[PDB]
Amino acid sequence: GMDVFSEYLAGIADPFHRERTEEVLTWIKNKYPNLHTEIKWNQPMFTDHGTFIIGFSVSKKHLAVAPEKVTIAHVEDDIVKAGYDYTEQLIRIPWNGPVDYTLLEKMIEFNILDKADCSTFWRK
């Protein structure tokens, strides 16, 4: 549960950054209650049957969201429309603009379905 994330959240200095980050994680916890909460590489992530679903990290300018490369590709048009800067591995959600929860839903739900038979942590 969310207690897994408490120490990580406390270490976020900026209180608004901490608040939003907590909100996003809690939203996923409550909407996808079968996902497992884990801290790995000192980053909060959600897993399903031991496979990676979605992970997060914080920087001074953004919350970074990592759904794996194939999933960035899957929702690329939606990322461009939202305006987020992205790489092959992640999207950058600036603290001074909104969280696109629709986009997060699509990524999480795609990964749950698409990785149902995935036997490794990361896609191979």
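Heads up: residue numbers just count along the shown sequence, starting at 1.
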Where does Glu22 sit by CA temperature factor within its chain: lowest, middle or highest third?
middle
Just say lowest, middle or highest third for the CA B-factor of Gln43 relative to the other modelled residues in its chain.
highest
Can you tell me which third, lowest, middle or highest, the CA B-factor of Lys69 falls into for its chain?
lowest
Third assignment of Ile12 from its chain's C-alpha B-factors
highest
Can you tell me which third, lowest, middle or highest, the CA B-factor of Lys81 falls into for its chain?
highest
